[PDB]
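Written below as structure tokens is the structure these notes are about.
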Amino acid sequence: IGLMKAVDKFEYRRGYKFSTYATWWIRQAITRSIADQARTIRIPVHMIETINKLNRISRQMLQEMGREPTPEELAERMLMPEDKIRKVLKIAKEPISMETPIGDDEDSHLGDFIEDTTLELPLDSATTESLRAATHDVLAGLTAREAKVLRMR
Amino acid sequence: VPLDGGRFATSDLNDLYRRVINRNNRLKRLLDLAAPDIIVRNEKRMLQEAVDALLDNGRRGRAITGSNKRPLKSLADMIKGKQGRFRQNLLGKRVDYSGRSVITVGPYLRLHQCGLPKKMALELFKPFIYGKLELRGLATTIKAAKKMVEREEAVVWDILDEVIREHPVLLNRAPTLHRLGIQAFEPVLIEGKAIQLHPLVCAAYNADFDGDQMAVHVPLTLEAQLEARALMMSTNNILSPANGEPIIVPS
Amino acid sequence: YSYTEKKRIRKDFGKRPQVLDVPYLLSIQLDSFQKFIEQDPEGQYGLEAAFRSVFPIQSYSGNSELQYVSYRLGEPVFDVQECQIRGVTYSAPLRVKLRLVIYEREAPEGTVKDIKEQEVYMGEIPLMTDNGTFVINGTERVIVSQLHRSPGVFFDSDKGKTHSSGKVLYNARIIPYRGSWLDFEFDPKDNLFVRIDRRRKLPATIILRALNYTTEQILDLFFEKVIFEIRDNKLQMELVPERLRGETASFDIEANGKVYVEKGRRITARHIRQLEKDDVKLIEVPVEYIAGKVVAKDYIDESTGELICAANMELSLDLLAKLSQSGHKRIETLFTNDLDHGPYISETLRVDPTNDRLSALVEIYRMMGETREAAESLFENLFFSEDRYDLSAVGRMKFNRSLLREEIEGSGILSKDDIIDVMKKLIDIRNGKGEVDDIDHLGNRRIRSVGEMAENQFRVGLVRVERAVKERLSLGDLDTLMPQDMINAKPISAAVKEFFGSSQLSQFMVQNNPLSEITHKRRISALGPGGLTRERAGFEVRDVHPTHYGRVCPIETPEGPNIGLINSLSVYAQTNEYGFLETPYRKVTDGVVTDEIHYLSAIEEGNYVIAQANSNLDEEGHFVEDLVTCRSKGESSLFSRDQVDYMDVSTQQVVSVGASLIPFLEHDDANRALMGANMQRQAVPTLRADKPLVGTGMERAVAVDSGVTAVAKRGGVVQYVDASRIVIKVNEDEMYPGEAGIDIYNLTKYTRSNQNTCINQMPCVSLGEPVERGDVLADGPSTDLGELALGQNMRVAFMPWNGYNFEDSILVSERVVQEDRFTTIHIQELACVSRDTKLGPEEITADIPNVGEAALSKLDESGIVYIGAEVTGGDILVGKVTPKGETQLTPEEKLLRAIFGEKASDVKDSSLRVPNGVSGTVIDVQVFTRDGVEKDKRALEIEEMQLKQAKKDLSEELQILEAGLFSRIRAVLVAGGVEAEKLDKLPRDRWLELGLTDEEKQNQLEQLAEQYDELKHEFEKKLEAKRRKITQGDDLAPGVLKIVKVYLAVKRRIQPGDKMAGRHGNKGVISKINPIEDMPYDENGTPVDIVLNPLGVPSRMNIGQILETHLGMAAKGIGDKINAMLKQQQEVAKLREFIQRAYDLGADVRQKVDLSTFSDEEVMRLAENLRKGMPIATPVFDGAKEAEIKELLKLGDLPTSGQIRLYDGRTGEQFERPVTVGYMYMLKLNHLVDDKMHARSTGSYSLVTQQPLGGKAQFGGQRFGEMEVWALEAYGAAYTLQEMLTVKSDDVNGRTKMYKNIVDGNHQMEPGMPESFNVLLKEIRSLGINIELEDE
Amino acid sequence: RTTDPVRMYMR
Amino acid sequence: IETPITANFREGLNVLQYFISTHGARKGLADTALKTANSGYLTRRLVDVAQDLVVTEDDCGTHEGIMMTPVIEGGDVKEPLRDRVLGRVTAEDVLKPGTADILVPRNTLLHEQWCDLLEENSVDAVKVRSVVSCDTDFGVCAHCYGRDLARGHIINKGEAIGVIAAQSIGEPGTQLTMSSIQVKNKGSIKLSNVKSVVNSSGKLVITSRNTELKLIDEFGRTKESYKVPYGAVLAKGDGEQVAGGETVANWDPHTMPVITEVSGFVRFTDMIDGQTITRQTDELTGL
Ligand SMILES: [Mg+2]
Ligand SMILES: [Zn+2]
């Protein structure tokens, strides 16, 4: 698709070879389709260029210092404040593939071990009837003129 | 779902759609530009690779893999084999009101009585304790009874003693060899951490007393509370169905 | 003798002479990893072969390269005992020096270009401790050595493929060490076929066409040229007499004038000699004999060059005539005697569809869809490229030893002559000469240790850098590029990181018993990559071949599904320089049993004769009898006296270190002891550490080398003892002048294991005693004075009791719990993490909502428990709270909030609480915190207690060490006189301004002022960096704020239902604890501790267990008189007789030790540790006899049979028949009850199918399997099967109705539809298969 | 007899 | 091995004798697990094919089926006829050897009280209403299945069948994987469906494949029985009395002879030497 748009914007009158000017197009057309496509979460293209500005110099800080890198002089080298470097690494993870074998053999997968804090605890369904049951009692113990008022309020 | 470590984890289907949905978009973008017909026919290859890959991965050729260098779970492996939804979540399952222990032998019993340890049998009958607390009115509300279950008043051991009398219980040992795989006793409470049996029924399970794990079950409904009495009390079968000689032989 | 032997002796019954001492028990581990890192100059081992086989690397444009020079391993940045805490791998950085040399294309040897040699770090490699273990992520791990099949060739013959005829199928298989395979296989139709890597089959001449040959250049190598001659009238030929050998006479087989063989007559040995005696060569033959044969070589016409007939075609009566008409007399054919040397390749030339060179090169490229360029280059990359192929000269060694060759050294590249030669021998076994080997002989198996295997993927690490070195070489700039920038430092460690931690080999270190850690470093597995697997294994692979004898033990194996795979090596085995196994043997020379030692290979055992260990050597003479029961070439028989060559070294060498502690194994079956060396690997150290009685002697040789006890580096005298540290002062002869001469020893205090058992040591030396070279200095977790101590002794009886020993169930008293001899400690781990969410950052403070005074009773200000509080399940350790997100509720509470004025909270409890059933004491905390966040109150307070911990101990290093160096100021002082009134009246600091003299005394001014500054330069940096790594924060994971992690310690007592075992595999469950009253007791008034079932003795064939019990009756039977003579307190010289008369007893003991040389107080301390009983040593097969046990039993004033009377505690009367009663050693296992019993009423659920989970850690139910569903149908319980499939499992609108109806006293059923099923309903609806339901 | 679509494109 | 163990567990085992005795364990010890794995697969494949059976109706009322016979051929009494027919019912009105003395109006439960009446007579043949002749729709009936062995009476209508048969076949499979004809005693000789002729020696020659021996008591019950193939020679006769400890059948079994019921000359016709066969004469006697 990049090669097609390249030909209609090819221009022979600049006189150079075809293969040079063509190379800029589909390389560019590759990198937007590694950005919005081919990923678990669509991450904006602003973040990705920062990651390679981080991950290139992180290999250099292993070379330069000869030791593993520290985020303080990273942000000094990355020209950004340190909270942003602390803000950028929190996105760097992919999903960990729910049917992975976290057990030693093929006995169990991670999809059968994930807990759900969504429904309820079944004691609490026995709460919400009983507190509802007492409120009907005390509303019957209320004066009949006022009894309609807090009901719909 | 967000995970306990603060990351995410997806099932394998929710990226295989991102193969089909993306390769759908590359086709509809293409046909309104009218590429020549060695590029267009190559597009209809990959959908037929991808609508394959939604239905089955390991069928038509080399499977489509994720980052773990392992095959992706298809829609077919949801139904295929012992890993599927049939033999792991439909026929056998997990069940609540359950537990297990090491087994041991106590010969002071009678034939139908079996042991049941104390601090196992406190969790195993927690709905029964709350109802009989709210019926006598010693517990004012439900949450108060959960507040009082850690107080351990002596009447809690009495109300449990009230409720465990003549309420049968199932004994199990995996794997079930034949019809005598599960029986039904009446419990007798001791203060330890182990299940006691009667010694004559060890040969019925082919269980020997060297560290098994026998499991318990509690029937909830009124019919099963009769059904333990009516069919599977240890007295009501001494005849093993293989051959009409008793399995209650002195071992 | 050593002083650990002096404070406790051990009477032995050794009779065969112990000749070769037990070697260091971790040889295959420690000697392996030394070969990985130590610098090998030439004969490359370890990392050196990884570099020269890749480096140098020519650039892909052909201009530049780069050379390795020298590597260097820097010092490890961390130490071991904090890497347990922080949880990081300790390693060294891998530093190398490399030189980038560029040739110019202009000059011929243009070395004049940029040479920037620099020293670039890449990767960390984890090192080994001095025990064998690594640490990975703060966990001890061990690499288990892998068994796989040897490189080289492999001849075999499968049976049972072509069962139509049942034909024998010979096939050969050559396997390289890395790269692509090659296979040769036969067919039912007698044709040789070639398969490359399991593709479609290929005829054999296709490679021979691809290897630059013609049919002339092939058929020379196999067939010979049967030369015929038509001598202008009639055909003739030549003959060697053994060529018509057992063949038919089609023509009149004659001589010139003596007709030897008539028509149709066979050629016996007479007529062979008839051609020998006259030597008749040119036999006149008819012209019909050339039919039946095949012409071998292309024959052209002299005038046109046209074939009358082609090579490999059957000639007829036209072609034989026409060659004589063109003019030809000499005819070269093939030799077809298909019984002896026959054609199987001549059949294949006609089925070969390709005729020439490139046509076969096309078809082989066609075999592995869609060129001359590709097909020639590919076939030189399979078996001729050094990159993707290697034969690994140990692979070359067997490859030449199989084909009867002449040289060891060679290439890792195939040679074109060599492929043909194995094809030659394979045809030769179709006739019958030679035979194929087997799989179970270890000459085609190999062991594979750490250092050989760790290099292997490390070479694949350099492949990961090989695809990147070419890229920025050829197209990048050439002179400005420093080579430091282009080598990627990440992935080279990342490949070897994938080894340690996600293999099937990097196991968890079993720390739960010292014996269990030493049998898990001498284990050899057959799993892994490139070996065997679990399900695809066979039945001939699990059987024990008689080449396993002495190299691989046949008893020590699990009984699960891996029963035939996991095997351990023997006692004295080693690993040879090539990789094969070895075992020692004593060489017999003319009957005399010598002291020389030979390690044999795998193969040479079948060529010799070796005698067993039970031969009676006649006092440095020879064997007494004529027939020594020997074994040779895989067969056991009887041989003569003169012929035997070799003998077994000791009698231990069929058993490994596991079962070779189990005494009296020689009288046991094999099936019982196989659990017996497995049921010792699961022991947990008791709170006491009591010695066993009946052992095998190896306790001294299993304790001092398993590392878990301290060992003495240099012998001498001990100055100081504390319960946290000991120090020694070395004797001056071993002292160097460079040192001050005291050693400091730290003992490891209470730290976590990896089966959650206790680890601490205890010093067993006292103040002021000598210690010789190498002795034990501190007791271990399962040690006692340097001997292996796993369980306890107890007095044991044998009778049925009131059904409490019904089926293998054992019985205790309360006395074994009151003396707490079966008590263990455990140390669990608890942690809590603090994060930031999208709503707000969490924190830890003790102000917790919905809490009363009782849970807030015992905390600090910061919500962390004091170090030393008591705890109970249901209380709090960490007070953690979260920002609750503002969600509204159903409005019943909303007016209820408006009645009492309910204050809302943004503070929701998510704190850590103690798991229930667990009740004990908290003993240690520590706090992890990031760098930059303000360090909180418990952070800096625990750091200030951390600082004064570390500071005052490392300062104590310079306290006594410089005290020896403060003493030599005085020595220098003495020469020139010691200023006796000017030395000690004034303090130490004014020892420079005394009375001084010339240059001898001002070089004293340079000696006093230097170590006042040199030793000051020593310690100050070690103070700062220790202070630096504590006051710095932590490098932790993304998303954590702070993590507090708290060790708590629980002590667990015996309960009815802990697992129990003897030492022969008899399992046991403790059924009842009993008050001391109604236990059985003897006629003197002591009870008996343990009662068990006496009906387990004949039907396990464990007569070893009864054999063990009598010795322990004698073991205290010496000990009680010692206690009778110590409290009654007679004398010294009465006692010294009684010991020597006791254990100098047997007629043919090997050991001899006399107490006459000991001092008096030594005897008074030899009486000390004998009060509990006298130990008795018994080897595995050099055991004791029933005559000898009955000897010392008479010494103990006890009945000779050892079967004494009793009285019952409940009846008080006499038993009907006496009972055997004695001491027995027993022990307990890790499967405790609080690990096991686990129940669940109402808790969590799944995510996708709404079912409960499984596991004690996740508080989950039990599985109700498909055998149980089939079980309930035969009873027919209809209603019971419903709840297990609808309302105890699935229905979200169903199961809560049960949790309401039970509380209101109605046990009412209502069914639904299981949420497993609608998942299946939504499943098949997603496959375009319209499944829907009818109505009634 | 191939079936993998990597080879079908380059052919 | 030619030399197994000689000594014993109280006087010790030698090293090589200990090493070879390992093979008796590790061959057998790996077999228990594999058998267990196979068998649980088999039990799963038995409950599948038999899942449909419930006792739908009581008495389908079909006609005759299998006649029952003991299994004691070849050796002693193995399974008595009473212990197979116990728990079954009569397929028809069956009699006593006192002729026309019927004990049943075509269907009774044959429990142990009526196995006394079978035991005092000499009955060895009875029609049993099997499950094969049951012809009800989608199931089997109670009068074709008889006594539920697990309770001890006729099975009530609605209890499951195919699982309780597929279970009790599955369970014991764990331990599953590990001439001259002499009669024992005397007896009457009753052999039927025979074609035999008198020899030139005079005795009984077996010229039919269907013949096999039956050793009968004084009554008519079978005690022993052995199969006899074609071409065999006897020395005794049928319908007679023989002696005990006696080999009544004597022939060469290694040959399958081509014996002749026919009497007359034999000629060299329809077979020509050099055309049909060759003539390789007997080397010793010449004939
Ligand atoms: Mg059991
Ligand atoms: Zn029927």
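Note that the protein sequences, when read in sequence, are chains A, B, C, D and E.
Sequential numbering from 410 applies to the first sequence in the deposited numbering.
Sequential numbering from 253 applies to the second sequence in the deposited numbering.
Going by the deposited numbering, the letters in the third sequence line up with residues 3 to 370, 373 to 374, 377 to 1342, in that order.
Sequential numbering from 93 applies to the fourth sequence in the deposited numbering.
Going by the deposited numbering, the letters in the fifth sequence line up with residues 755 to 932, 948 to 1056, in that order.
Every residue gets a Cβ at the ideal spot worked out from N, C-alpha and C, and that includes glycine.
(message) Count Cβ pairs between the stretch 768–782 of chain E and the stretch 542–554 of chain C that sit closer than 8 Å; are there 3 or more?
(response) Short answer: they touch.
(message) Quick check on DSSP: helix, strand or coil for C:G1110?
(response) Translated into positions along the third sequence, residue 1110 of chain C becomes position 1104. In the structure shown, C:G1110 sits in a helix (DSSP, three-state: H, G or I).
(request) Can you tell me which of C:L817, C:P769, C:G1208, C:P190 puts its alpha carbon nearest to the alpha carbon of C:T164? (result) Residue mapping note: residue 164 of chain C aligns to position 162 of the third sequence, counting from 1. It is C:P190.
(request) Look up C:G125 in the DSSP assignment and say whether it is helix, strand or coil. (result) Translated into positions along the third sequence, residue 125 of chain C becomes position 123. Note: C:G125 maps to strand in three-state DSSP.
(message) Applying the 10 Å Cβ sphere with the 16-neighbour rule, what's the burial state of A:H545?
(response) Walking along the first sequence from the start, residue 545 of chain A turns up at place 136. Exposed is the call here.
(message) Would the stretch 62–81 of chain C count as touching the stretch 100–110 of chain C if we require 3 or more Cβ pairs under 8 Å?
(response) The stretch 62–81 of chain C makes contact with the stretch 100–110 of chain C, as at least three CB pairs between them are under 8 Å.
(message) ligand 1 and B:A261: does the residue's C-beta get closer than 7 Å to at least one heavy atom of that ligand?
(response) Indexing the second sequence from 1 puts residue 261 of chain B at position 9. No - ligand 1 has no heavy atom lying nearer than 7 Å to the Cβ of B:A261.
(message) Using only Cβ atoms and a threshold of 7 Å, which residues come within that distance of a heavy atom of ligand 2? Order them by chain position.
(response) E:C814, E:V885, E:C888, E:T890, E:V894, E:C895, E:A896, E:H897, E:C898, E:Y899
(request) Please look up how many angstroms separate the CB atoms of C:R801 and C:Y1229, rounded, as I've assumed it's under 8 Å. (result) As a first step, residue 801 of chain C must be located in the third sequence, where it is residue number 795. As a first step, residue 1229 of chain C must be located in the third sequence, where it is residue number 1223. Their Cβ separation, rounded to whole angstroms, is 6 Å, which keeps C:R801 and C:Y1229 in contact under 8 Å.
(message) Does any residue of chain B have a CB that is nearer than 8 Å to the CB of E:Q921?
(response) In the fifth sequence, residue 921 of chain E corresponds to position 167, counting from 1. Judged by the 8 Å Cβ criterion, E:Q921 is in contact with chain B.
(message) My output table needs one value for C:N799: the three-state DSSP class, helix, strand or coil.
(response) Here the question's residue 799 of chain C lines up with position 793 in the third sequence. In this structure, C:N799 counts as strand in the three-state DSSP scheme.
(request) Residues of the stretch 329–344 of chain B with a CB closer than 7 Å to any CB of chain E: list them in chain order, please. (result) none
(message) Under 8 Å: do the stretch 951–961 of chain C and the stretch 912–927 of chain C share three or more Cβ pairs, one atom per stretch?
(response) no
(message) With H, G and I counted as helix, E and B as strand and the rest as coil, what does DSSP make of C:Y1305?
(response) Within the third sequence, residue 1305 of chain C is the residue found at index 1299, counting from 1. In the structure shown, the three-state DSSP call for C:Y1305 is helix.
(message) Taking DSSP's pairing of strands, which residues face C:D185 in a bridge?
(response) Indexing the third sequence from 1 puts residue 185 of chain C at position 183. Beta-bridge pairing links C:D185 to C:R175, C:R197.
(request) Give the DSSP bridge partners of C:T927, in chain order. (result) To locate residue 927 of chain C, count along the third sequence from 1; it is residue 921. The partner list for C:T927 (beta bridge, DSSP) reads C:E876, C:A1055.
(message) In this structure, how does DSSP classify B:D410 when only helix, strand and coil are distinguished?
(response) Stepping through the second sequence from its first residue, residue 410 of chain B is reached at position 158. B:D410: helix per DSSP, three-state reduction.
(request) Identify the continuous alpha helix (DSSP H) that holds E:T790 and give its terminal residues. (result) Taking the first residue of the fifth sequence as position 1, residue 790 of chain E is located at position 36. Its alpha helix (DSSP H) spans residues 777–801.
(request) Closer than 7 Å by beta-carbon distance: list the chain A residues that pair up with B:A287, in chain order. (result) For the purposes of this step, residue 287 of chain B is identified with residue 35 of the second sequence, where counting begins at 1. The answer, in chain order, is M413.
(request) To the nearest angstrom, report how far apart C:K988 and C:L1029 are at their CA atoms. (result) As a first step, residue 988 of chain C is located in the third sequence; it is residue number 982 there, counting from the start. As a first step, residue 1029 of chain C is located in the third sequence; it is residue number 1023 there, counting from the start. Those two C-alpha atoms are separated by around 35 Å.
(request) Report yes or no: is there a C-beta of chain C within less than 8 Å of the C-beta of A:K499? (result) Taking the first residue of the first sequence as 1, we reach residue 499 of chain A at position 90. Yes, A:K499 lies at the interface with chain C (some Cβ there is under 8 Å from its Cβ).
(request) Answer yes or no: do B:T356 and C:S819 have a C-beta to C-beta separation smaller than 8 Å? (result) Your numbering for residue 356 of chain B matches position 104 in the second sequence. Your numbering for residue 819 of chain C matches position 813 in the third sequence. The answer is no: Cβ separation not under 8 Å.
(request) Using a cut-off of 8 Å between C-beta atoms, extract the partners of E:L767 located in chain C. (result) On the fifth sequence, position 13 is the one that residue 767 of chain E refers to. Near E:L767 (Cβ distances below 8 Å), the residues of chain C are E672, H673.
(message) Could you tell me the alpha carbon to alpha carbon distance between C:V1254 and C:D491, rounded to whole angstroms?
(response) Sequence index remark: in the third sequence, residue 1254 of chain C carries index 1248 (1-based). Sequence index remark: in the third sequence, residue 491 of chain C carries index 485 (1-based). Straight-line Cα distance between these residues: approximately 49 Å.
(message) Three Cβ pairs or more, each shorter than 8 Å: is that satisfied between the stretch 112–132 of chain C and the stretch 416–426 of chain C?
(response) no
(message) Below 7 Å, is the gap between the Cβ of B:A459 and the nearest heavy atom of ligand 1?
(response) By 1-based counting over the second sequence, the position of residue 459 of chain B is 207. Yes; taking the cut-off as 7 Å, the Cβ of B:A459 has a heavy atom of ligand 1 nearer than that.
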